[PDB]
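Engineer: so I've got this experimental structure, pasted below with the sequence.
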Amino acid sequence: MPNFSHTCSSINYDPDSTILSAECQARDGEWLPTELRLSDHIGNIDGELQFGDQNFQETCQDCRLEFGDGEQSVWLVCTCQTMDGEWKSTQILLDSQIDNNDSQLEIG
């Protein structure tokens, strides 16, 4: 269902504190800024990235968003260390079971 793309603009993601910042329009038509911490639903699992877990940037580096053919989407890729200590590249699409209300930001 709907995502924070068209509803919000100026998608920012700091790789240190992993916080997503973007301006969204409220029901009153007013524009406000919102922040979100993915670490809450993203953790490391034997070298892979999955939803439901937490604490991932601590064991991962080079996190960066990537725009596809249409700037209406950005994709999250990060290198996460494995339990043996090896480094591997994983990928994950934020667009999915996540959405933002007109004036509030909460999972759908």
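Structural biologist: Done, it's in. Numbers count the residues shown, from 1 in each chain.
Engineer: what sits against the nearest residue to residue 52 once chain neighbours are set aside?
Structural biologist: Closest residue in space to residue 52, ignoring its immediate chain neighbours: residue 41 at 6.6 Å, by C-beta to C-beta, 6 or more residues apart in numbering. For every residue, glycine as well, the C-beta is placed using N, CA and C. By C-beta atoms under 8 Å, 6 or more residues apart in numbering, residue 41 lies in contact with 51, 52, 53, 54, 107.
Engineer: element containing the third one?
Structural biologist: Read it as residue 53. Residue 53 is part of no helix or strand, with elements assigned from DSSP states H and E.
Engineer: list the contacts of it.
Structural biologist: When contacts are counted by C-beta under 8 Å, 6+ apart, residue 53 touches 41, 42, 43, 44, 45.
Engineer: which of these are buried? Put it as a PyMOL command.
Structural biologist: Entered in PyMOL, the line below selects the buried ones among these, by 16 or more other C-beta atoms under 10 Å:
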select buried, resi 41+42+43+44
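Engineer: any chance of TSV for the contacts of residue 53, columns distance to residue 103 and secondary structure?
Structural biologist: Converted to TSV, these look like this (distance: C-beta to C-beta, whole Å; DSSP: H, G, I helix; E, B strand; the rest coil):
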residue	distance to residue 103	secondary structure
41	22	coil
42	25	strand
43	29	strand
44	34	strand
45	34	strand
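Engineer: now the strands for this structure?
Structural biologist: Ranges of strands in the chain, per DSSP state E, are 8-14, 19-25, 31-37, 42-45, 48-51, 60-67, 74-81, 87-92.
Engineer: deepest-packed of those strands, please.
Structural biologist: Among the strands of the chain, ranked by average contacts under mean count of other C-beta atoms under 10 Å, first place goes to strand 42-45 (a mean of 19).
Engineer: give me the helices and strands touching that one, please.
Structural biologist: Here strand 42-45 is seen to pack against strand 48-51 when contacts are counted using 3 or more C-beta pairs under 8 Å, 6 or more residues apart in numbering; DSSP states H and E.
Engineer: noted, bye for now.
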